[PDB]
Amino acid sequence: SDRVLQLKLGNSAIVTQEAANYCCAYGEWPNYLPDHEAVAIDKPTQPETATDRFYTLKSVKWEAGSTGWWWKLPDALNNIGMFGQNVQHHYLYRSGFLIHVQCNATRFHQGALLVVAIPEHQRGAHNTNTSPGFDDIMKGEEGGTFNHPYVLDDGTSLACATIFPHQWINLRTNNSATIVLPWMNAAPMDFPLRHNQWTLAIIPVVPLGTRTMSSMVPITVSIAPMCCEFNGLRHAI
Amino acid sequence: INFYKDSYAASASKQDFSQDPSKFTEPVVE
Amino acid sequence: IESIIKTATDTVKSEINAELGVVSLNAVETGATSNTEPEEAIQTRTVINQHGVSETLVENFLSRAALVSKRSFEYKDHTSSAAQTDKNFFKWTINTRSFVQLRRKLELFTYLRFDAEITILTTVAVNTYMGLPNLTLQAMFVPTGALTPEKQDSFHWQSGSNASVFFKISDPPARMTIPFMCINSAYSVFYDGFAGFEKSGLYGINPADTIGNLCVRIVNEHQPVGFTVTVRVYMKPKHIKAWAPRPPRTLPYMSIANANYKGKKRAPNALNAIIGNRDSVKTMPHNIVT
Amino acid sequence: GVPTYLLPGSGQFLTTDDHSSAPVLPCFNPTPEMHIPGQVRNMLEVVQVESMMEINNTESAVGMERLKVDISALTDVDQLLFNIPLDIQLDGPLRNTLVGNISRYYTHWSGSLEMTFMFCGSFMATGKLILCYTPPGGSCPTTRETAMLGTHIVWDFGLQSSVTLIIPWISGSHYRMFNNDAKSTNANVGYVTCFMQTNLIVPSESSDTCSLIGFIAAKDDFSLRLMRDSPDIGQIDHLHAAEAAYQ
Amino acid sequence: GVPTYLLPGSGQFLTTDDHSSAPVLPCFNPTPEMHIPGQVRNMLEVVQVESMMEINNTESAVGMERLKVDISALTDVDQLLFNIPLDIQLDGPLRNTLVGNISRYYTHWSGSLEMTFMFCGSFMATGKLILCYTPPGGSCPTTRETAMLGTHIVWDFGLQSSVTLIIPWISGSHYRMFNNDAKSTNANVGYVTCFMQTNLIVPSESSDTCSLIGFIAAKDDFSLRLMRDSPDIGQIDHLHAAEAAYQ
Amino acid sequence: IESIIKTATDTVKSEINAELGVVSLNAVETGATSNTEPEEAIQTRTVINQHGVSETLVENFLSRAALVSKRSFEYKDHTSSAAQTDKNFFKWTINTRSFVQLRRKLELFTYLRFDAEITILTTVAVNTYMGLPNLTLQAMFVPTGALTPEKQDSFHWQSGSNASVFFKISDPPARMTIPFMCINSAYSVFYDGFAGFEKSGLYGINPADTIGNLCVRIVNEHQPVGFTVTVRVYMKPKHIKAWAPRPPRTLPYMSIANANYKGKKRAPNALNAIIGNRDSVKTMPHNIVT
Amino acid sequence: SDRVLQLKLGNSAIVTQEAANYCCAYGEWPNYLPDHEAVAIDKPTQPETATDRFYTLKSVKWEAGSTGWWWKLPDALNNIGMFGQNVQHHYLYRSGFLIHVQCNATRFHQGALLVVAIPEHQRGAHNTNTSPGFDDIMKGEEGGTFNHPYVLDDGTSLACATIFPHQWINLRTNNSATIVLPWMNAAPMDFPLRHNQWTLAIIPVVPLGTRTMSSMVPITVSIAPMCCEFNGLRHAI
Amino acid sequence: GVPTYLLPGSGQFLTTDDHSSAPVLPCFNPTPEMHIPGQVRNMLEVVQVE
Amino acid sequence: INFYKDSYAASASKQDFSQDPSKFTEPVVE
Amino acid sequence: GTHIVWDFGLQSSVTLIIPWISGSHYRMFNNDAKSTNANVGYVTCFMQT
């Protein structure tokens, strides 16, 4: 009941069947921006199935000395599909996200994945007073790697990161995490190229371990934007 | 007590006892 | 389900359970916290719990007046002082990040909407002693990026439209409420991005979340002797709405411009050891000796 | 006019006073409230979210290794695996938790705690643990037959990745207080111990050492009083770029 | 009498306070209110009146030449004629406008702008322009096929001396703010560009160069917050005859 | 049509228009502003606009307390001082034109009817330091053209019918409301004419619009040492009715007696170039570089 | 509909038919002074058609280097007709004005006229601290010429002068401006020889230009006083 | 007690203020009003006499 | 609050939200 | 394009619906594989993990 899950958005579908009951972030489902919260007065484009569909990223190799992986949203998707084209042709952006993180292994493998969506993950740099630059933050579809995931690369803590919307991929129990993110910003819409509302963080709290045949175990991230709005149509940036 | 014309001028509002901890403790759907 | 909670919950008495079916064992992997009640774990009694919960209200947790600025300057003749020195006046871009007790409390949240109650304490010390002058100070609120005065007798202190408060050292501390000022519905306590259209802007700093400027002068002409005048600014957030709680800062803060981290050299609050060490996992740190 | 007289406390600035004060900007209209997800109205909402205990707060456990307890197959029975000190107001495995960090803004606390342990071995890994809460009084129990006389849960982690050990509020006083004295009768909560109830029993192709992640939350009978500055952050200097706010 | 205590802020003079104060002249009867035309109750009434943009803020454009844009017949198609920077809080073609000068008493602003352009060639002068508003993000568009992807109006000034380009309020935030940073995402409005949609086509006895006067007003969805001193006036001395007020 | 406006107007959603008949193209030459709505120009959405308009109320826009007078004088023995010097007292003809922030705001209108809330801040500096005296000052309101005192111990300071306020430096600032005093229903902020029947009168100055005189002395006899006493007068207009808005002052003010103009030497705010220059009309001044 | 216009006052009539919908200043039509605003208690003379009639001034030559023209009211009319005689024989004056500014040219001419009525146009002098004298301000029927019309000769701006009651004469569109001015003073009546309530300003924002045969293009100002009242009858001043 | 704050103008003596002040003689009974001819209540009564 | 006998003594009157911008934006007759 | 993501852990089967997405009511054989009236597009399979 909690394991079986079917996720159809647009022309994309995902059947995960070793799932663990999906996370709706703060009990909030994505919606379109209502008229009493709206600011930009032009009629938005809501591309629906052209953008509200699962975008699979490049898989990362879960390895023995791995620290963690992060992707920033919408930045991981700003150059993919018709979502990326609506991002590049519009000033404003608003959507929710359906994040589906996939990692299976054998029944002889051990390993726990904290799959956590962090709102406004302002990254700190280590051992310096200089703030992280544009290239450290805006990695795009490739994402980044955690430097010190124990303090979540911001001087706080991995241990208290369960205050954020999260699931776990414990290789005993499940092979997929599913987080549903709403719009998470102080503003109604946003310029999607200079601001990230959510950071999907995927962290090896318990490392991958087995004594069976060593296979490449990947972690696959599929992200569906949900309820996309785009205001301020112009030329492509 | 507030004799100022702006409502933000008032004292602190220590009266909101509404809690919804389930949006952090049970953010699940089933 | 959202509900009004003024006291901690009562405990109901419970009995012996021996049941084949419904479960103390939950599902961590869903991201949900354990809903196991003490009635279901042990055999409980009835406790009518009258413990109030009002002191952990976010309004009470954050509406403490906290030191946000502390600036000393020489009150003297500044004909021959350095161009770095506060020449009977200072300006201060209002931030909540310079003093770490308020900073960590506000950085417990992602978004904060509050009015800023600003209290200004002024102390004066003679630089022999002849007494302390009851000086008039001007604190002028200037918006982010706007023109601030450049000397003590600047014509920007006339305050045609800037709010200024005049206050004396013998008076009670100057107190103003700054409204919730942001162009957004909340301040971003953390800002994951650049607030500029080019790629050279500052990371983590949204000027929408900057309250403004306190430009604080001494209105008095200088005395024949010099004085050190320390201005302390206190901010009490009020009418507070808080959103999306965060892990608290564990490592020491390095800067006010960012969330950079170093940790301490050893545990506690080191980069690789937040909690102080014990000898083994089966070593009890404060074991009662009998 | 009105005959008045000033009381003691006139002209004082108490940092916890609660008064209206003068609007710096008259007729300012604040930005309309927009619904933002995840509003917190009371800090006890945060404190009930389970967060990782750093039970492996030892040397050689580096960074993330501190947030899991490695359990191995043993060849003696009834063996102790780990113990946890329970004063949430002190430094220890509970301090950098959501219940621990918020509680250390306070002095007084009441209410039950829950400890959730997630077993992170393989599917093929089987075994039974007993997680014992001992109310305070004497030393921490070192043998299994001594610790199971207290509050305990017995956990088969065969199909069950998690259990909860409720640490029930068992105190003489309505609250327990921090006073920088761990052994105080007003402070000490007692002990959590874990024992092999059977054994961690894995096959040859499972990893022979398995990890436990421990969580702690507060329950909804939890309360915090007497707000204090946190001992978890501090400064002895000004931060970098703090002078740039004056320039 | 009444037990009182003085609060913090007692005895202060906030220049934006709002109190009754002592009448210097008791029983003074002010002169009866007479109806005077043109009463303003709110400064947004002024801000909605269209006033001339100084689009030709270049050198050699001297005085009144700065308030018109001369357009000529071109021999290449799709050609750029002029562009307008759009931050009303900054110095530029919008600053000495009724919407610009009142807005620079404020820091925060919301709402749509209208741009009205009056063609001032001859009756015989014909032609089509395209007036494009580009929402912010990248550089100002330099070709016509790039700028018409944004908000635009196409204007035949054959019989029609005027059009309006509505610059709609398209912002992420409820307000845009001045912070002395033109390239800020909280500040930058984007661009207005004008292109030859066809060509300025005049006969031999019309003047071959024609002028456009551009206007800007605010609409009635316009708002201004956070009142500040104006950067548009200043002094570093006392004015002449100001000493004579003391004599 | 006159209406009550507390928030900015809502935007209604709009659709595709393709109509042969009624018009984004208006008539400038009528002197009317374009009534083109954004619903008629682009295809809009519904926006419920909750943005308040109260901060641009003329009452809020002008009821800022602004510096109108700033006079320093020596508080000392004036047996042997020059006949120009303020000998423990000054007089000031109340004007709104000496300080340019308030002047440009009030000169945004042709006619103003307001009560003048007058706040008086006094600061004192020793001319070695022995402390600051809590001096009593007298500010006496004298009408336009009436008799003002000629020395410090003048018998005109007795104030049989003139309003005087006595105030101490240690006190809060002296505060009086001067009523709307004009013989007309409004003050003329600009006066296009002479207020005299001969042709030698002053242009631009109607003495009906002069509030009056502040005659400010120190009531105390002089101390054995000298002090510099700076009196700052603040005026807050209140109960303001404003008529006929004007173009704002662009060029720097030259005098308080007139609207004479020079401009700055270069753009901005020069005689022939009010806005700062760009290179061409197709040069974008803060173009985003990508 | 907006172009056709017929203006009959007294024995004077004006048919303009390339007009652009006349300006009523601040939406206010001239009226007589009512009894609840009246101050002077003698019965006023209201000469009606003897004064409420169009007075045409001398035309000015619209030329290539022209800066602008101004006339101050009532001063431009204080010596004309029976209006001037009622001005010279009475202490007090109150009227509205109907200003009709006339300038046509060919369909090959270009040029824009800001025709603006400024209330209390206190003129500043340029590059001096001395106020303008009586001879600089009180020009009478001839009017004056703008020195620096870009700052409206008062250190402000031509660009924001559309806040005042104005029309345009764009030679494409129209050949006549029509502004209806009410009484615009802080006082109910006024002494008409020392105070000007309105200044008609006529300014070349776009200069006169053509490539056809160069003709003298004039600007003709016709001003009708409206609802004249005169109090304080005495000898002629 | 009552939280108060002093305004600008606190402690000033405006000679045209209008306040009650402390009776120097408590329970003093003033002499009964007798009708006297020629009472003036407003100075415009005097000003209308030629 | 006003305890003075003159009505001009009162605080500022920041309550007049009546607008008629059409007397400046549409001062036309047709 | 149109896709299904399939964990074959407990699930021996999935279905990829190839939906009828054609300009015309029918697709025709004419011995021309690259014809716009004939070509249906592609099915591909990738390692998702």
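Labels A, B, C, D, E, F, G, H, I and J are assigned to the chains in the order they are written; within every chain, residues are numbered from 1.
FYI, a contact is a pair of C-beta atoms (placed from the backbone, for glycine too) under 8 Å apart; a residue touches a chain by one contact, two chains touch by 3 or more.
Asks: From subunit G, count the fewest steps through touching chains until subunit H is reached.
Replies: So the least number of steps between the two chains is 2.
Asks: Over half of the residue-numbered contact pairs in common: that is the test. Which of E-G or A-E passes it against A-D?
Replies: E-G
Asks: Between A-D and F-G, which chain pair shares more contacting C-beta pairs?
Replies: So, comparing the two chain pairs, more contacts are at F-G.
Asks: How far is the middle of subunit A from the middle of subunit C, if each middle is the mean of its Cα atoms, in Å?
Replies: So the centroids are 30 Å from each other.
Asks: Using the average of all C-alpha atoms in each chain as its centre, how far is it in Å between subunit H and subunit I?
Replies: Roughly 34 Å separates the two chain centres.
Asks: How many angstrom lie between the CA centroids of subunit C and subunit E, rounded to a whole number?
Replies: Comparing mean C-alpha positions, subunit E is 38 Å from subunit C.
Asks: How many angstrom between the C-alpha centroids of subunit J and subunit G?
Replies: So the centroids are 80 Å from each other.
Asks: Where in subunit F do residues touch two or more other chains at once?
Replies: In subunit F, 5, 11, 27-33, 38, 42, 44, 47, 50-55, 57, 60, 63-66, 99-101, 104-105, 110-111, 119, 121, 163, 165, 171-173, 175-177, 179-180, 182-186, 236, 244-245, 247-250, 252-255, 257, 271-272, 274, 288-290 touch at least two other chains.
Asks: Which residues belonging to subunit D are in contact with no fewer than two other chains?
Replies: 4, 7, 11-13, 17-32, 34, 36-39, 41-42, 44-46, 48-51, 54, 63, 66, 96, 98, 101, 118, 161, 213, 215, 217, 220, 240-241
Asks: Of all residues in subunit G, which are in touch with two or more distinct other chains?
Replies: 2, 21, 23, 25-28, 119, 129, 148, 150, 157-163, 165, 168, 170, 173, 184-187
Asks: Which positions of subunit C touch subunit D when the two form their complex?
Replies: 5, 8-11, 24-29, 33-34, 36-38, 41-42, 44, 47, 49, 51-53, 55-58, 60-61, 63-66, 69, 71, 86, 90-93, 95, 97-101, 103-105, 108-111, 113, 117-119, 121, 141, 163, 165, 171-173, 175-186, 234, 236, 241-245, 247-250, 252-257, 267-269, 271-290
Asks: What residues of subunit A sit close enough to touch subunit J in their complex?
Replies: 11-18, 54, 56, 59, 102-104, 175-176, 217-220, 222
Asks: Taking the complex as given, what residues does subunit E use to touch subunit C?
Replies: So the residues of subunit E touching subunit C come out as 6-16, 105, 107-108, 136-138, 173-181, 183-186, 188, 226-231, 234-236.
Asks: Could you list, by residue number, the parts of subunit E that touch subunit H in their complex?
Replies: Interface residues on subunit E, with respect to subunit H: 2-7, 9-13, 17, 19, 21-26.
Asks: In the complex, go through subunit A and note every residue touching subunit B.
Replies: On the subunit A side, the touching residues are 1-2, 21-28, 163, 165, 180.
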